[PDB]
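Protein chains in written order, with the deposited numbering: chain F, 4 to 49; chain 3, 2 to 102; chain Q, 15 to 145; chain 4, 5 to 185, 209 to 247; chain C, 2 to 344.
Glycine included, C-beta positions come from ideal geometry on N, C-alpha and C.
Below is one structure, written out as structure tokens; the observations come after it.
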Amino acid sequence: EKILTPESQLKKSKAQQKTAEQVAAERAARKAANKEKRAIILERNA
Amino acid sequence: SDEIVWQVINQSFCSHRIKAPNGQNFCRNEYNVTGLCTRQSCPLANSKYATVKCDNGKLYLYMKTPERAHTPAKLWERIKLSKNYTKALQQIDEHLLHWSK
Amino acid sequence: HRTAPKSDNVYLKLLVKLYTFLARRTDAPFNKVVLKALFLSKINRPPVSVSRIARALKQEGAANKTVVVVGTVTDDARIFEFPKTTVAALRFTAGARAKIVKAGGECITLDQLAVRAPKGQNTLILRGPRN
Amino acid sequence: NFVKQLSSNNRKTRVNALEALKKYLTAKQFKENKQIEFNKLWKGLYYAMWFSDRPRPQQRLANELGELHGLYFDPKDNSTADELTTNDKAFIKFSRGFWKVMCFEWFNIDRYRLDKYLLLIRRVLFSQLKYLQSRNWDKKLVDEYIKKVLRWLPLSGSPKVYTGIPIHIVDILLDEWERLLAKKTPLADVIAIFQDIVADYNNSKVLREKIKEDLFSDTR
Amino acid sequence: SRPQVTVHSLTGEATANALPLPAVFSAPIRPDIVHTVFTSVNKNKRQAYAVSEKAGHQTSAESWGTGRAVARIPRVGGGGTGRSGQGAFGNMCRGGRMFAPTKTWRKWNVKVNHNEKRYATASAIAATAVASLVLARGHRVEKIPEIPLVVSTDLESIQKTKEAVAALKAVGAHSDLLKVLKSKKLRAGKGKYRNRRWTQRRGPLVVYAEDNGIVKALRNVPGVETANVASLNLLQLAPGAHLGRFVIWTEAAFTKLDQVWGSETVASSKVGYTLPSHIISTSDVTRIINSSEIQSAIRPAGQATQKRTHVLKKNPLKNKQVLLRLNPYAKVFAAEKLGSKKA
RNA sequence: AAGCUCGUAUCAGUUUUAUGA
RNA sequence: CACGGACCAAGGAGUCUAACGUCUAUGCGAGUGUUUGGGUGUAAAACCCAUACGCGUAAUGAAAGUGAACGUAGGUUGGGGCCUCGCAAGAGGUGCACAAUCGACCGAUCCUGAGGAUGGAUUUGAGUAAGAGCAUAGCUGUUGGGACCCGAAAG
Numbered sequence: 004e005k006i007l008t009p010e011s012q013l014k015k016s017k018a019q020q021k022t023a024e025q026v027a028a029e030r031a032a033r034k035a036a037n038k039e040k041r042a043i044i045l046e047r048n049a
Numbered sequence: 002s003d004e005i006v007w008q009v010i011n012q013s014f015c016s017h018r019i020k021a022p023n024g025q026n027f028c029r030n031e032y033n034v035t036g037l038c039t040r041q042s043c044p045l046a047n048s049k050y051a052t053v054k055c056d057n058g059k060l061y062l063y064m065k066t067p068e069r070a071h072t073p074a075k076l077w078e079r080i081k082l083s084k085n086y087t088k089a090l091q092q093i094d095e096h097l098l099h100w101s102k
Numbered sequence: 015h016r017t018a019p020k021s022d023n024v025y026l027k028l029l030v031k032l033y034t035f036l037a038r039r040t041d042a043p044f045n046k047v048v049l050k051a052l053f054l055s056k057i058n059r060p061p062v063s064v065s066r067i068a069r070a071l072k073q074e075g076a077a078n079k080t081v082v083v084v085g086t087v088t089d090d091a092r093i094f095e096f097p098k099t100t101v102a103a104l105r106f107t108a109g110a111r112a113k114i115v116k117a118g119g120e121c122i123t124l125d126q127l128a129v130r131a132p133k134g135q136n137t138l139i140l141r142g143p144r145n
Numbered sequence: 005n006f007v008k009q010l011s012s013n014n015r016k017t018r019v020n021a022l023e024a025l026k027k028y029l030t031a032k033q034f035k036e037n038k039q040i041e042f043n044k045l046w047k048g049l050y051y052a053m054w055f056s057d058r059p060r061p062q063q064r065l066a067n068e069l070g071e072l073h074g075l076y077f078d079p080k081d082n083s084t085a086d087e088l089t090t091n092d093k094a095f096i097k098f099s100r101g102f103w104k105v106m107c108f109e110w111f112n113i114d115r116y117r118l119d120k121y122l123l124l125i126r127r128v129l130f131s132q133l134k135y136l137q138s139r140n141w142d143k144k145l146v147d148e149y150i151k152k153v154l155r156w157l158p159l160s161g162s163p164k165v166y167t168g169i170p171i172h173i174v175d176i177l178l179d180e181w182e183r184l185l209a210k211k212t213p214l215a216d217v218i219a220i221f222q223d224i225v226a227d228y229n230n231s232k233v234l235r236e237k238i239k240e241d242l243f244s245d246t247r
Numbered sequence: 002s003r004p005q006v007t008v009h010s011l012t013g014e015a016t017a018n019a020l021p022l023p024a025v026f027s028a029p030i031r032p033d034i035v036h037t038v039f040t041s042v043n044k045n046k047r048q049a050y051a052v053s054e055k056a057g058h059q060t061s062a063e064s065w066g067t068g069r070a071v072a073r074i075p076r077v078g079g080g081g082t083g084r085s086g087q088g089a090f091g092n093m094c095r096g097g098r099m100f101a102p103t104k105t106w107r108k109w110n111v112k113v114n115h116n117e118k119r120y121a122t123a124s125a126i127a128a129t130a131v132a133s134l135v136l137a138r139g140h141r142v143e144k145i146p147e148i149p150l151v152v153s154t155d156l157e158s159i160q161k162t163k164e165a166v167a168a169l170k171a172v173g174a175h176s177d178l179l180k181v182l183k184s185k186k187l188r189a190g191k192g193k194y195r196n197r198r199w200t201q202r203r204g205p206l207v208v209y210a211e212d213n214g215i216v217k218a219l220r221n222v223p224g225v226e227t228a229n230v231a232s233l234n235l236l237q238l239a240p241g242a243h244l245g246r247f248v249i250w251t252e253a254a255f256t257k258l259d260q261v262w263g264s265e266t267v268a269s270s271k272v273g274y275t276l277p278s279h280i281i282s283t284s285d286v287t288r289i290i291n292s293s294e295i296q297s298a299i300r301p302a303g304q305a306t307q308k309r310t311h312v313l314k315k316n317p318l319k320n321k322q323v324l325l326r327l328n329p330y331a332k333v334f335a336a337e338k339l340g341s342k343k344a
């Protein structure tokens, strides 16, 4: 037949994806938060 | 086990170490990949261990399975690696499927 | 402040090696207490008697706790009764070990405790009389 | 015995010991009682995997160790509202001991052979699982078998079981559930066990939160 | 129950018979105990040495006294000999008595706890069945069938050395017996002329249950030491306080080792002795750490090496680009001039 | 030097106000 | 100021032991200590062990004695931790060692005098709170041994 991934390494991919998709979503919602933060800082300095 | 093998050879003697003046440690156990010795870079401490060697011009890749901890006579299973470089690196890759990078 | 254990018992060094990992990754203050306690010397790890374990389980709502002695568990001939509880320690003396097993409960090592309670849920850390 | 032939240091007497265990499992007239004999059989089969190192023969060996739930009490007798009649009565004693063996073993497996027993326990949960019976319904087999799964391996009110094996069963029972090939089966009562684990306090957070995310978060 | 060990014959072939592990090979391998016990035990087979009680006092010197324009060291009397008018009774003097004359009543032998001493031998036995530990210790054990190596009981009955070495060569200890014999060197010190002239490597131990000519058969083949299982010397088992000698067991010896030390089922044969308990469950940590369990109750990981946050200090006022990350209004300030403003 | 509580509001070769000879 | 230094080689000064501790490590643990010995040995090694003994395990006194549960071996207060709630911030519960407070048991108090019964007066304690030691080794201190080395008037 054909070789299969170890059931620790299978888990790895899954948990990495769980963290990675969380991290990418967290990062993406921080670029927008810093953009809004930048606008607050600009009007304060004015 | 193997952690107990490592600590007993890390200090308390791996009787094939060379202390270079650089403070570096070299395992001369013929079956290690890096000539240097460190944890799971030396073939005694680690239980899963791959290596390329040459006996003649024929470059074999030896492989050590933890299955064979009982029997040291047939520890290193070995495979010839064609001779062309491109197909040999591809030959290597398949053997190393699902191991440490 | 104490950094590393003065001990040369490599198995104790393996527990430190384990609990240093669980000290920073769990961020629960149980593991930091255990990892601090392993560094302690032999006079500062007094032996907790099996009687002090029995006293500790009289505690209200502590029927299903896993008591953890970082030092050694020692036997006491004076007491008769002993609850069915999981006790975790470094050294169980042959007498004490036999007492816990015959009573119903288990005697387990600290790495078994690290598995069963990583963050350290539903536990009690006892200490021996220093003064 | 078979504990000296399945735990041998020779490959050929372990393969021949497996084949004599195939004949020993189709010789059903001697396997009538004595739980601890089945425990010794699963300890010998545990070592019989433990000496196998190469990936293709250890997958063949895991597939045939799962298949040993198939040769032993094949479905053909196919009992009718027959409670536990010589294909389902003794079978449960062959299941529990396996889990008991793993309940004894989860400390003593190293970081290089633990994939063999994750994959083995995948195949064996799939195979008992496939032998509820040939159909996925036999009702006193469901509640007695679920009593002799519930009462040992996902107890989760006892710390005596090692906490990595219920979270691994949570990771495998969905894909290995639908390896049986949207149908309606006694699944939900199984899931009720995990709900019992969410109902059970006096435990650790990992069982409580890892099944509470991993098992319940599945849209299937 | 344990894995189980195959017994080899004198032709080096696997006989169908198998023996259970005596559970001494499940003792805690303790390098620190073996070291601190070996150092005390290696001191025991040691003789006294002392300088003579009379040496340095076999002179009749006298101090010359004050204000003689010469050093005040006690000088020898007499005359016309050369030895007259020169220093004696002094550690610095020639022919003088040494500082702290070495006396016989130095602590030569070392008292050890009997239980600690037993722990060490159990650890030393445990380390013989590891194979990697044996390879690290020395011992060319690549071409040997299995560890721990057990040979059939008929090995004991061998009378002639030629046949006995042929048994080991068939087993696979050929390389270890060529390590010794090729490693015969002169002693590098004053040991040459103190009856320690030659020095060589340690070969295999050959453990037997009872002798039938094996002790004499192997006492000439260099490096090969034999020990009765009842004894089992620490100095033999862990030479130089290094664990794991290559030990060839015999069938009867290996079975007797159960009786000698003890296990769960069998008693002990040593009065009130039990084998010591592990303070850990598993001698490896990484199964515990890289578990399904622990890695579930754990916060996410880092990079193993931090990305360098602020490596060098870029200054605003100069370098326009950094003066835009601080204060985004500086763009507006430059466009309207603002410093250059009219009232 | 080590152990024990704490990590604080524990204090300071300082200033100030307040209240006496 | 003065004492030392012509130059060069070699020699040359905190050692060893006993007594008693300190801390750390190791073994075992209410115990602990094989090595005066005997058995055994490939021989001053290693390996086994009988009966004893050493030190510790239960205290309060002066001749004579007695003897530790009103008890989750305590009531409260705190008190590392852990559990419930809360995103947190917090709050509540249980609380180790330990500390503070109120006491008790035991022995000893000031009397009451049925040889000292009985009830009151109060405190006391290397007291009990419900054992932490023994042995080996290392680091080192104290004192004696010639005692870091050399140097004095002597009987």
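Taking 7 Å as the upper bound on Cβ-Cβ separation, chain 4 lies near residues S48, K49, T66, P67, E68, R69, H71 of the segment 48 to 79 of chain 3. A contact between stretches requires three or more CB pairs, one per stretch, nearer than 8 Å, and the segment 155 to 166 of chain 4 fails this requirement with the segment 138 to 146 of chain 4. In this structure, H140 (chain C) sits near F247 (chain C), with a CB-CB distance shorter than 8 Å. Just measuring C-alpha positions, the residue of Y121 (chain 4), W46 (chain 4), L22 (chain 4), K32 (chain 4) sitting nearest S2 (chain C) is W46 (chain 4). With respect to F26 (chain C), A239 (chain C) sits apart: the two C-beta atoms are not nearer than 8 Å. With respect to the 8 Å criterion, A171 (chain C) and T12 (chain C) are classified as neighbours on the basis of their beta carbons. Taking all protein chains shown into account, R76 (chain C) has 16 or more neighbouring C-beta atoms within 10 Å of its C-beta and is therefore buried.
Here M106 (chain 4) really is in contact with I169 (chain 4); their C-beta atoms are around 6 Å apart, less than 8 Å. In the DSSP annotation of this structure, the continuous segment of the beta strand (DSSP E) that includes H9 (chain C) starts and ends at 6 to 9.
For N229 (chain C), the enclosing beta strand (DSSP E) has its first and last residue at 226 to 229. Residues of the segment 24 to 35 of chain Q with a C-beta less than 9 Å from any C-beta of chain 4: none at all.
Residues are counted here when their Cβ sits less than 8 Å from a Cβ of chain 3; for the segment 31 to 42 of chain C these are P32, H36, given in chain order. Within the DSSP bridge table, the entry for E63 (chain C) names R76 (chain C) as partners. Residues of chain F whose Cβ lies closer than 9 Å to the Cβ of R235 (chain 4) do not exist, since the nearest Cβ in that chain is about 18 Å away.
Spatial neighbours of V7 (chain 4) in its own chain (CB-CB distance under 6 Å, excluding positions within 5 residues in sequence) are listed in chain order as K44, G48. Any Cβ of chain C closer than 8 Å to the Cβ of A49 (chain F) would place that residue at the interface, and such an atom is present. Within the DSSP secondary-structure output, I122 (chain Q) pairs in a beta bridge with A102 (chain Q).
Contact annotation: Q132 (chain 4) and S99 (chain 4) have beta-carbon atoms nearer than 8 Å.
Think of a sphere of 8 Å around the beta carbon of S2 (chain 3): the chain 4 residues whose beta carbon falls inside it are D114, in chain order. Between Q92 (chain 3) and chain Q, the shortest Cβ-Cβ separation is not below 8 Å. Look at the beta carbons and you see the segment 135 to 155 of chain C not touching the segment 181 to 193 of chain C: under three pairs across the two are nearer than 8 Å.
Taking C-beta atoms under 8 Å as the contact rule, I171 (chain 4) and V233 (chain 4) qualify, at a distance of about 7 Å. Within the segment 64 to 142 of chain C, the complete alpha helix (DSSP H) runs of at least 4 residues fall at 115 to 127, 133 to 138. In the structure shown, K332 (chain C) adopts helical secondary structure according to DSSP, grouped into three states. Beta-bridge partners of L140 (chain Q) (DSSP): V83 (chain Q). For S282 (chain C), the C-beta contacts it makes with chain Q under 7 Å involve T123, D125, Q126, in order along the chain. Secondary structure within the segment 48 to 82 of chain 4: not one fully enclosed beta strand (DSSP E) run of 3 or more consecutive residues is present.
Within chain 4, the residues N230, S231, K232 have their CB atoms less than 8 Å from the CB of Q135 (chain Q), given in chain order. Of the candidates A165 (chain C), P149 (chain C), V52 (chain C), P149 (chain C) places its Cα closest to the Cα of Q5 (chain C). Closest option to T266 (chain C), judged by alpha-carbon separation, among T7 (chain C), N196 (chain C), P21 (chain C), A17 (chain C): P21 (chain C).
For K108 (chain C), the closest C-alpha among the options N45 (chain C), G91 (chain C), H279 (chain C) is that of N45 (chain C).
Here DSSP, grouped into helix, strand and coil, assigns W100 (chain 3) to coil. Look at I44 (chain F) here: in three-state DSSP terms it is helix. Under the three-state reduction of DSSP, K133 (chain Q) is assigned to coil, being neither helix nor strand.
Of all C-beta pairs linking the segment 92 to 101 of chain 3 to the segment 66 to 74 of chain 3, fewer than three are shorter than 8 Å, placing the two stretches out of contact. In the structure shown, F243 (chain 4) adopts coil according to DSSP, grouped into three states.
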